[PDB]
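**Q** The structure that follows is given in the form of structure tokens.
In my numbering, the protein residues as written are 697 to 822.
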């Protein structure tokens, strides 16, 4: 019942800004390589997922739509609710899932364990 005001409601300003340079001598090279690798695996992952979910979604939605659309013309009283339910639910779920999965995908990828390095592996797949 009670909300979970703490995972963000605490208001932290998104934890500092998007900038915060702090180099000296070796930190430059270290941060350079680490940075490139970070955005590399991050952008690469989010990318593959984007194109993958985009093509997959479009494909399914396309076929499904054409189906419920071609059938929507066929007789069937209560059938109207069946087609409207499956359809409305199909898109609503596709957009809702993509939206959520997206926010989380970027929210996690942006703070991935590889970004900071110095730790064990997580079975990352390419």
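No residue lacks a Cβ here, since even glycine has one placed at the ideal position from N, Cα and C.
Exposed or buried, what is residue 805 when buried is set at 16 or more other beta-carbons lying within 10 Å of its beta-carbon?
**A** Residue 805 comes out buried.
**Q** By the three-class DSSP mapping on this structure, what secondary structure does residue 817 have?
**A** Residue 817: coil per DSSP, three-state reduction.
**Q** Taking residue 822 as the reference, which of 740, 709, 703, 729 has the closest Cα?
**A** Checking every option, the nearest Cα to that of residue 822 belongs to 740.
**Q** What number of angstroms, rounded off, separates the C-alpha of residue 707 from the C-alpha of residue 767?
**A** Distance between the alpha carbons of residue 707 and residue 767 is about 50 Å.
**Q** Report the option in 809, 705, 761 whose CA atom is closest to the CA atom of residue 734.
**A** Nearest option by C-alpha distance: 809.
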